[PDB]
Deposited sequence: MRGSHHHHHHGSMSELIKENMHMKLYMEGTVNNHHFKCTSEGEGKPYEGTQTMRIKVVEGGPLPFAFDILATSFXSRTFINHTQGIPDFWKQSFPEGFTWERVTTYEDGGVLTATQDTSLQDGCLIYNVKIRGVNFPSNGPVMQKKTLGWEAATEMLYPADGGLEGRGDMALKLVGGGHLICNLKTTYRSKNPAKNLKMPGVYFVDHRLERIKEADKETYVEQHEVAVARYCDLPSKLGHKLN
């Protein structure tokens, strides 16, 4: 198909966090139908970054979600034309990271272009102090709205010394491919496990893995 059992990806990212401008690039592969992917990321401008790379983790891939139980795949269906997402992640200690993403498909490779802005991360907080240790697993809730698809869910950031810092993610997915052509779903969920596999040179190079599965709630129902 357009989306094969193996796919490669390329990414370009520019952003500014607390006044600090940077750029990243990356390349990866995955198995979109098994819901796995790996990305290898390099900071190419503004490095070393004065903030925890972890806050950028979710901005580097919706085509690699394994859809079970017959749930329509909002993302795989949007090709050839692809899709976009817009997100705001709000941290419980004041930090706000907004990101915009275009996903395209050209010459068989998925291309990601990302623009990011973070503001008000507190100076003595663990993001700017670089006292984080990656993300816990998480569940996302998805539902249709105003001609696109909305996601919601909290994530938990692990800290040095133990403990967690929580953020809430609000995401709008919009297909560039005309609505009538995609067969939407109702409410469903996607479980994610995003793990850092390697880093080098104070997070100038980072390798990430994600596995992701879309499913319904399996709990019995009285209705």
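How would you write out the unmodelled ranges of the deposited sequence, numbered from 1? Coordinates drop out over 1-14, 75, 239-243.
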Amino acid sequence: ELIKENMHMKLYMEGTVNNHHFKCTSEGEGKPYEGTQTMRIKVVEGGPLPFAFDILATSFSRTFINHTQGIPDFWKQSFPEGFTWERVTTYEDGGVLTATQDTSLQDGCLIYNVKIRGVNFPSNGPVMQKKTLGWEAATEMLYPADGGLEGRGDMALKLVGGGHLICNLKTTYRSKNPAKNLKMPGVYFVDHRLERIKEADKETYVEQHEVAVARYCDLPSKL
From here on, numbers count along this sequence of modelled residues.
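Would you mind comparing 112-120 and 72-80 for me and telling me which has the higher average C-alpha temperature factor in the entry? Mean CA B-factor is higher for 72-80.
If you average the CA temperature factors over each stretch, which comes out higher, 33-41 or 171-179? Result of the comparison: 171-179.
From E136, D107, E150, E92, residue of greatest CA B-factor: Comparing C-alpha B-factors across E136, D107, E150, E92, the maximum falls on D107.
Lowest, middle or highest third: where is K10 by C-alpha B factor in its chain? CA B-factor rank for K10: highest third.
Please rank the C-alpha B-factors of the chain's modelled residues and tell me whether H192 sits in the lowest, middle or highest third. Tercile = lowest for this residue's CA B-factor.
Could you say whether, by C-alpha temperature factor, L142 belongs to the lowest, middle or highest third of its chain? Highest third of the chain for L142's C-alpha B-factor.
Could you place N18 in the lowest, middle or highest third of its chain by Cα temperature factor, using the values in the record? Its C-alpha B-factor, which the entry lists for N18, ranks in the middle third among residues of this chain.
Splitting the chain's C-alpha B-factors into thirds, which one does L159 fall into? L159: CA B-factor falls in the lowest third of its chain.
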